[PDB]
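One file, query-v3.pdb, carrying PDB, C-alpha atoms:
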ATOM      1  CA  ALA A   3     256.162-130.542-200.035  1.00  0.00           C
ATOM      2  CA  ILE A   4     253.405-128.442-198.474  1.00  0.00           C
ATOM      3  CA  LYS A   5     250.285-130.679-198.256  1.00  0.00           C
ATOM      4  CA  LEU A   6     247.698-128.441-196.487  1.00  0.00           C
ATOM      5  CA  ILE A   7     247.077-124.658-196.857  1.00  0.00           C
ATOM      6  CA  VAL A   8     244.808-123.031-194.202  1.00  0.00           C
ATOM      7  CA  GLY A   9     243.172-119.547-194.380  1.00  0.00           C
ATOM      8  CA  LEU A  10     242.011-118.160-190.990  1.00  0.00           C
ATOM      9  CA  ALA A  11     238.581-116.484-190.509  1.00  0.00           C
ATOM     10  CA  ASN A  12     235.272-116.111-188.635  1.00  0.00           C
ATOM     11  CA  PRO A  13     232.058-117.488-190.300  1.00  0.00           C
ATOM     12  CA  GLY A  14     229.078-115.528-191.658  1.00  0.00           C
ATOM     13  CA  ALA A  15     228.311-112.443-193.764  1.00  0.00           C
ATOM     14  CA  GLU A  16     228.878-110.314-190.693  1.00  0.00           C
ATOM     15  CA  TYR A  17     232.660-110.975-190.664  1.00  0.00           C
ATOM     16  CA  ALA A  18     233.354-111.562-194.375  1.00  0.00           C
ATOM     17  CA  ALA A  19     234.824-108.065-194.940  1.00  0.00           C
ATOM     18  CA  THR A  20     236.732-107.701-191.634  1.00  0.00           C
ATOM     19  CA  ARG A  21     240.535-107.678-191.241  1.00  0.00           C
ATOM     20  CA  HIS A  22     240.666-110.988-189.245  1.00  0.00           C
ATOM     21  CA  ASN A  23     239.497-112.814-192.427  1.00  0.00           C
ATOM     22  CA  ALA A  24     242.569-111.820-194.562  1.00  0.00           C
ATOM     23  CA  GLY A  25     243.967-115.389-194.559  1.00  0.00           C
ATOM     24  CA  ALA A  26     240.710-116.715-196.062  1.00  0.00           C
ATOM     25  CA  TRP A  27     240.843-113.970-198.746  1.00  0.00           C
ATOM     26  CA  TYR A  28     244.194-115.465-199.879  1.00  0.00           C
ATOM     27  CA  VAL A  29     242.946-119.125-199.923  1.00  0.00           C
ATOM     28  CA  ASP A  30     239.837-118.057-201.874  1.00  0.00           C
ATOM     29  CA  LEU A  31     242.018-116.335-204.521  1.00  0.00           C
ATOM     30  CA  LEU A  32     244.295-119.362-204.797  1.00  0.00           C
ATOM     31  CA  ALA A  33     241.294-121.685-205.240  1.00  0.00           C
ATOM     32  CA  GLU A  34     239.998-119.516-208.105  1.00  0.00           C
ATOM     33  CA  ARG A  35     243.383-119.345-209.899  1.00  0.00           C
ATOM     34  CA  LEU A  36     243.668-123.134-209.758  1.00  0.00           C
ATOM     35  CA  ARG A  37     240.013-123.887-210.612  1.00  0.00           C
ATOM     36  CA  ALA A  38     239.145-125.707-207.391  1.00  0.00           C
ATOM     37  CA  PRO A  39     236.250-123.976-205.572  1.00  0.00           C
ATOM     38  CA  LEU A  40     235.849-124.599-201.822  1.00  0.00           C
ATOM     39  CA  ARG A  41     232.828-126.565-200.541  1.00  0.00           C
ATOM     40  CA  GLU A  42     231.457-127.359-197.078  1.00  0.00           C
ATOM     41  CA  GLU A  43     232.820-130.546-195.420  1.00  0.00           C
ATOM     42  CA  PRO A  44     231.373-130.911-191.875  1.00  0.00           C
ATOM     43  CA  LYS A  45     233.808-133.767-191.065  1.00  0.00           C
ATOM     44  CA  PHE A  46     236.609-131.157-190.880  1.00  0.00           C
ATOM     45  CA  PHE A  47     234.579-128.216-189.501  1.00  0.00           C
ATOM     46  CA  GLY A  48     235.164-125.913-192.506  1.00  0.00           C
ATOM     47  CA  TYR A  49     235.164-125.385-196.285  1.00  0.00           C
ATOM     48  CA  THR A  50     237.669-127.559-198.249  1.00  0.00           C
ATOM     49  CA  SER A  51     239.101-128.387-201.678  1.00  0.00           C
ATOM     50  CA  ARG A  52     241.939-130.219-203.454  1.00  0.00           C
ATOM     51  CA  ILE A  53     244.314-128.822-206.128  1.00  0.00           C
ATOM     52  CA  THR A  54     247.531-129.853-207.929  1.00  0.00           C
ATOM     53  CA  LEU A  55     250.798-127.915-208.272  1.00  0.00           C
ATOM     54  CA  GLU A  56     252.885-130.307-210.370  1.00  0.00           C
ATOM     55  CA  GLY A  57     252.251-132.974-209.429  1.00  0.00           C
ATOM     56  CA  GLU A  58     250.943-133.909-205.977  1.00  0.00           C
ATOM     57  CA  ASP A  59     247.778-133.387-203.927  1.00  0.00           C
ATOM     58  CA  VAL A  60     247.521-130.024-202.137  1.00  0.00           C
ATOM     59  CA  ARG A  61     244.506-129.623-199.833  1.00  0.00           C
ATOM     60  CA  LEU A  62     242.846-126.275-198.912  1.00  0.00           C
ATOM     61  CA  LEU A  63     240.910-125.347-195.683  1.00  0.00           C
ATOM     62  CA  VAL A  64     238.935-122.316-194.367  1.00  0.00           C
ATOM     63  CA  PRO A  65     237.547-123.161-190.867  1.00  0.00           C
ATOM     64  CA  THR A  66     233.942-122.415-189.733  1.00  0.00           C
ATOM     65  CA  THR A  67     234.876-123.043-186.047  1.00  0.00           C
ATOM     66  CA  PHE A  68     235.120-119.309-185.118  1.00  0.00           C
ATOM     67  CA  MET A  69     238.688-117.866-184.885  1.00  0.00           C
ATOM     68  CA  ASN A  70     239.731-118.887-181.367  1.00  0.00           C
ATOM     69  CA  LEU A  71     238.688-122.560-182.062  1.00  0.00           C
ATOM     70  CA  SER A  72     240.648-122.873-185.394  1.00  0.00           C
ATOM     71  CA  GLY A  73     242.791-125.708-184.044  1.00  0.00           C
ATOM     72  CA  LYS A  74     239.775-128.042-183.984  1.00  0.00           C
ATOM     73  CA  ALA A  75     239.594-127.955-187.811  1.00  0.00           C
ATOM     74  CA  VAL A  76     243.381-127.986-188.508  1.00  0.00           C
ATOM     75  CA  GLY A  77     243.968-130.828-186.001  1.00  0.00           C
ATOM     76  CA  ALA A  78     241.139-133.003-187.337  1.00  0.00           C
ATOM     77  CA  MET A  79     242.194-132.673-190.987  1.00  0.00           C
ATOM     78  CA  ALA A  80     245.971-133.099-190.401  1.00  0.00           C
ATOM     79  CA  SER A  81     245.428-136.206-188.240  1.00  0.00           C
ATOM     80  CA  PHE A  82     243.020-137.796-190.761  1.00  0.00           C
ATOM     81  CA  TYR A  83     245.441-137.430-193.718  1.00  0.00           C
ATOM     82  CA  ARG A  84     248.578-138.035-191.583  1.00  0.00           C
ATOM     83  CA  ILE A  85     250.089-134.599-192.395  1.00  0.00           C
ATOM     84  CA  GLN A  86     253.028-133.319-190.270  1.00  0.00           C
ATOM     85  CA  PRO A  87     253.274-129.741-188.943  1.00  0.00           C
ATOM     86  CA  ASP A  88     256.198-128.787-191.278  1.00  0.00           C
ATOM     87  CA  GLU A  89     253.884-129.733-194.206  1.00  0.00           C
ATOM     88  CA  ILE A  90     251.224-127.133-193.172  1.00  0.00           C
ATOM     89  CA  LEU A  91     251.069-123.440-194.322  1.00  0.00           C
ATOM     90  CA  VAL A  92     248.772-121.115-192.275  1.00  0.00           C
ATOM     91  CA  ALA A  93     247.792-117.698-193.753  1.00  0.00           C
ATOM     92  CA  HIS A  94     246.751-114.987-191.261  1.00  0.00           C
ATOM     93  CA  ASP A  95     246.409-111.198-190.749  1.00  0.00           C
ATOM     94  CA  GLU A  96     249.540-109.582-189.225  1.00  0.00           C
ATOM     95  CA  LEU A  97     249.500-106.319-187.184  1.00  0.00           C
ATOM     96  CA  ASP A  98     253.337-105.890-187.347  1.00  0.00           C
ATOM     97  CA  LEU A  99     253.480-105.459-191.203  1.00  0.00           C
ATOM     98  CA  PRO A 100     251.733-102.638-193.170  1.00  0.00           C
ATOM     99  CA  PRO A 101     248.966-102.996-195.775  1.00  0.00           C
ATOM    100  CA  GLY A 102     250.734-103.873-199.091  1.00  0.00           C
ATOM    101  CA  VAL A 103     253.361-106.199-197.573  1.00  0.00           C
ATOM    102  CA  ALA A 104     253.387-109.989-196.887  1.00  0.00           C
ATOM    103  CA  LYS A 105     256.068-112.461-195.642  1.00  0.00           C
ATOM    104  CA  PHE A 106     256.738-116.219-195.200  1.00  0.00           C
ATOM    105  CA  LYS A 107     257.812-117.506-191.688  1.00  0.00           C
ATOM    106  CA  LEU A 108     258.665-120.946-190.179  1.00  0.00           C
ATOM    107  CA  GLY A 109     257.925-121.403-186.469  1.00  0.00           C
ATOM    108  CA  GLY A 110     257.980-118.774-183.733  1.00  0.00           C
ATOM    109  CA  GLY A 111     255.378-117.056-181.572  1.00  0.00           C
ATOM    110  CA  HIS A 112     251.707-116.282-182.242  1.00  0.00           C
ATOM    111  CA  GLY A 113     252.198-112.490-181.977  1.00  0.00           C
ATOM    112  CA  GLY A 114     248.947-112.029-180.027  1.00  0.00           C
ATOM    113  CA  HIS A 115     246.854-113.819-182.684  1.00  0.00           C
ATOM    114  CA  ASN A 116     244.416-116.176-180.896  1.00  0.00           C
ATOM    115  CA  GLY A 117     243.765-118.280-184.024  1.00  0.00           C
ATOM    116  CA  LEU A 118     247.485-119.142-184.189  1.00  0.00           C
ATOM    117  CA  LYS A 119     247.477-119.717-180.403  1.00  0.00           C
ATOM    118  CA  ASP A 120     244.748-122.414-180.730  1.00  0.00           C
ATOM    119  CA  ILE A 121     246.534-124.186-183.631  1.00  0.00           C
ATOM    120  CA  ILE A 122     249.831-124.323-181.642  1.00  0.00           C
ATOM    121  CA  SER A 123     247.832-125.902-178.757  1.00  0.00           C
ATOM    122  CA  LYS A 124     245.893-128.497-180.788  1.00  0.00           C
ATOM    123  CA  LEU A 125     248.991-129.690-182.740  1.00  0.00           C
ATOM    124  CA  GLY A 126     250.491-130.602-179.327  1.00  0.00           C
ATOM    125  CA  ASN A 127     252.137-127.361-178.130  1.00  0.00           C
ATOM    126  CA  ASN A 128     253.990-127.410-181.471  1.00  0.00           C
ATOM    127  CA  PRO A 129     254.680-124.084-183.295  1.00  0.00           C
ATOM    128  CA  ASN A 130     256.825-125.629-186.064  1.00  0.00           C
ATOM    129  CA  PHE A 131     254.510-125.022-189.036  1.00  0.00           C
ATOM    130  CA  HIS A 132     254.858-122.487-191.921  1.00  0.00           C
ATOM    131  CA  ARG A 133     252.952-119.124-191.998  1.00  0.00           C
ATOM    132  CA  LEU A 134     251.978-116.466-194.588  1.00  0.00           C
ATOM    133  CA  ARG A 135     251.826-113.114-192.723  1.00  0.00           C
ATOM    134  CA  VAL A 136     249.445-110.697-194.540  1.00  0.00           C
ATOM    135  CA  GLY A 137     250.024-107.109-193.354  1.00  0.00           C
ATOM    136  CA  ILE A 138     247.072-105.097-191.931  1.00  0.00           C
ATOM    137  CA  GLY A 139     248.974-102.466-189.856  1.00  0.00           C
ATOM    138  CA  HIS A 140     248.388-101.414-186.244  1.00  0.00           C
ATOM    139  CA  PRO A 141     245.412 -99.550-184.801  1.00  0.00           C
ATOM    140  CA  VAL A 147     242.615-103.787-181.254  1.00  0.00           C
ATOM    141  CA  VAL A 148     239.453-105.924-180.958  1.00  0.00           C
ATOM    142  CA  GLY A 149     237.469-103.199-182.725  1.00  0.00           C
ATOM    143  CA  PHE A 150     240.306-102.967-185.259  1.00  0.00           C
ATOM    144  CA  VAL A 151     240.697-106.620-186.290  1.00  0.00           C
ATOM    145  CA  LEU A 152     236.885-107.040-186.406  1.00  0.00           C
ATOM    146  CA  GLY A 153     236.563-103.831-188.458  1.00  0.00           C
ATOM    147  CA  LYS A 154     236.387-103.253-192.220  1.00  0.00           C
ATOM    148  CA  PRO A 155     239.422-101.510-193.848  1.00  0.00           C
ATOM    149  CA  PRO A 156     238.989 -98.223-195.730  1.00  0.00           C
ATOM    150  CA  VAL A 157     239.177 -98.520-199.531  1.00  0.00           C
ATOM    151  CA  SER A 158     242.834 -97.353-199.701  1.00  0.00           C
ATOM    152  CA  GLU A 159     243.991 -99.998-197.210  1.00  0.00           C
ATOM    153  CA  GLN A 160     241.862-102.723-198.887  1.00  0.00           C
ATOM    154  CA  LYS A 161     243.511-102.084-202.299  1.00  0.00           C
ATOM    155  CA  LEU A 162     246.975-102.530-200.762  1.00  0.00           C
ATOM    156  CA  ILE A 163     245.995-105.804-198.967  1.00  0.00           C
ATOM    157  CA  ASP A 164     244.559-107.063-202.279  1.00  0.00           C
ATOM    158  CA  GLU A 165     247.925-106.280-204.032  1.00  0.00           C
ATOM    159  CA  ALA A 166     249.886-108.241-201.427  1.00  0.00           C
ATOM    160  CA  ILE A 167     247.515-111.246-201.619  1.00  0.00           C
ATOM    161  CA  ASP A 168     247.897-111.416-205.426  1.00  0.00           C
ATOM    162  CA  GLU A 169     251.717-111.377-205.157  1.00  0.00           C
ATOM    163  CA  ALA A 170     251.610-114.011-202.383  1.00  0.00           C
ATOM    164  CA  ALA A 171     249.508-116.391-204.522  1.00  0.00           C
ATOM    165  CA  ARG A 172     251.954-116.038-207.441  1.00  0.00           C
ATOM    166  CA  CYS A 173     254.883-116.706-205.036  1.00  0.00           C
ATOM    167  CA  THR A 174     253.161-119.847-203.597  1.00  0.00           C
ATOM    168  CA  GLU A 175     253.040-121.289-207.133  1.00  0.00           C
ATOM    169  CA  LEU A 176     256.752-120.360-207.440  1.00  0.00           C
ATOM    170  CA  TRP A 177     257.543-122.253-204.187  1.00  0.00           C
ATOM    171  CA  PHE A 178     256.142-125.474-205.705  1.00  0.00           C
ATOM    172  CA  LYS A 179     258.017-124.939-209.013  1.00  0.00           C
ATOM    173  CA  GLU A 180     261.465-123.711-207.857  1.00  0.00           C
ATOM    174  CA  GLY A 181     261.738-123.841-204.029  1.00  0.00           C
ATOM    175  CA  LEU A 182     261.148-121.815-200.845  1.00  0.00           C
ATOM    176  CA  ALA A 183     264.382-119.810-201.200  1.00  0.00           C
ATOM    177  CA  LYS A 184     263.435-118.445-204.637  1.00  0.00           C
ATOM    178  CA  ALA A 185     259.816-117.810-203.554  1.00  0.00           C
ATOM    179  CA  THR A 186     261.000-115.895-200.449  1.00  0.00           C
ATOM    180  CA  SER A 187     263.457-113.740-202.447  1.00  0.00           C
ATOM    181  CA  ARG A 188     260.648-112.522-204.723  1.00  0.00           C
ATOM    182  CA  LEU A 189     257.932-111.988-202.042  1.00  0.00           C
ATOM    183  CA  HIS A 190     260.091-110.225-199.452  1.00  0.00           C
ATOM    184  CA  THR A 191     261.527-107.687-201.984  1.00  0.00           C
ATOM    185  CA  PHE A 192     258.003-106.708-203.313  1.00  0.00           C
ATOM    186  CA  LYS A 193     257.796-103.260-201.595  1.00  0.00           C
ATOM    187  CA  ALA A 194     261.528-102.958-200.732  1.00  0.00           C
ATOM    188  CA  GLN A 195     262.523-101.940-204.304  1.00  0.00           C
TER     189      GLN A 195
END
Just dump the structure as structure tokens.
Amino acid sequence: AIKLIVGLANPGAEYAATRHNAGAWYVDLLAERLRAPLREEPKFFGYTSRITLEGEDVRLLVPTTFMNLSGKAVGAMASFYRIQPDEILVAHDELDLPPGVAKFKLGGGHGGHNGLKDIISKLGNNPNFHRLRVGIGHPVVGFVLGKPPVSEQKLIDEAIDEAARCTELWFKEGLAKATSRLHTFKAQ
């Protein structure tokens, strides 16, 4: 079972609407659907909560470390609760998929994403955790710290809603079934 779901971001009103916060947008939507609002917990250097998906603890995290220091929060929380890397799901913005599309992945490279790079480092040079890749398209620093136009934002919002519904499906019926639904979303 997945025990910890992380949404990557930078802190403050300044960055709230920028592309590099797409992972946090997904964790915030999930927390609302499951009636478990996030609150500040300085022990783990971020906002946190706890939900249930029939019928075990799932913990939620959005770091306030700044993006390139994300591993500090993920490392501290996983070590405290004795959670293994294959029990972690990390949601992040993905340049190599278009707005409107999202995918699940286990392991692999960081794809240039310096939040992922810091988590791989702080888990012990270990990339073997799960990811939700939320498509934002290609442009880069100005791009990932920029705000999408309205047309692109609507498509990202569509993909995040489908990904939340497919995360609930993963807990009910398995990763294979959840993957079949999510990956065929725009391939129809």
#### Entry: Nearest to residue 19 (chain A), chosen from A:100, A:139, A:181, A:156, with all atoms listed in the file counted in the distances
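Nearest candidate to residue 19 (chain A) out of A:100, A:139, A:181, A:156: A:156.
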### Message
Rounded to one decimal, what separation in Å do you get between CA of residue 130 (chain A) and CA of residue 88 (chain A)?
### Response
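Interatomic distance here is 6.1 Å.
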### Message
Assuming the chain letters and numbering stay as they are in my file, what does the PyMOL selection byres ((chain A and resi 42) around 10) actually select? List them as a ChimeraX atom specification.
### Response
/A:40-41,43-51,63-66
Can you write out the residues you just picked, keeping C-alpha atoms, as a JSON list (two decimals), in the coordinates of the input?
[["chain", "number", "residue", "atom", "x", "y", "z"],
["A", 40, "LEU", "CA", 235.85, -124.60, -201.82],
["A", 41, "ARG", "CA", 232.83, -126.56, -200.54],
["A", 43, "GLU", "CA", 232.82, -130.55, -195.42],
["A", 44, "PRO", "CA", 231.37, -130.91, -191.88],
["A", 45, "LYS", "CA", 233.81, -133.77, -191.06],
["A", 46, "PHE", "CA", 236.61, -131.16, -190.88],
["A", 47, "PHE", "CA", 234.58, -128.22, -189.50],
["A", 48, "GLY", "CA", 235.16, -125.91, -192.51],
["A", 49, "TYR", "CA", 235.16, -125.38, -196.28],
["A", 50, "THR", "CA", 237.67, -127.56, -198.25],
["A", 51, "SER", "CA", 239.10, -128.39, -201.68],
["A", 63, "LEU", "CA", 240.91, -125.35, -195.68],
["A", 64, "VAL", "CA", 238.94, -122.32, -194.37],
["A", 65, "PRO", "CA", 237.55, -123.16, -190.87],
["A", 66, "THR", "CA", 233.94, -122.42, -189.73]]
### Task
Spell out the residues picked by the PyMOL selection byres ((chain A and resi 67) around 9) here, as number ranges by chain.
A: 11-13, 47-48, 65-66, 68-75
### Query
So what do you get for CA of residue 131 (chain A) versus CA of residue 94 (chain A), distance-wise?
12.9 Å
### Surrounding residues of residue 59 (chain A) excluding itself and chain neighbours under 3 positions, 12 Å, only C-alpha atoms, as an NGL selection string
:A and (3-7 or 51-56 or 62 or 83 or 85 or 178)
Output, as AutoDock Vina command-line options, the centre and edge lengths in Å (one decimal) of the axis-aligned box that contains all listed atoms of region 151-164 of chain A with 3 Å of margin on each side.
--center_x 241.7 --center_y -102.2 --center_z -194.3 --size_x 16.6 --size_y 15.7 --size_z 22.0
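Nearest to residue 123 (chain A) of all the residues A:76, A:86, A:137, A:81 is A:76, based on all atoms listed in the file.
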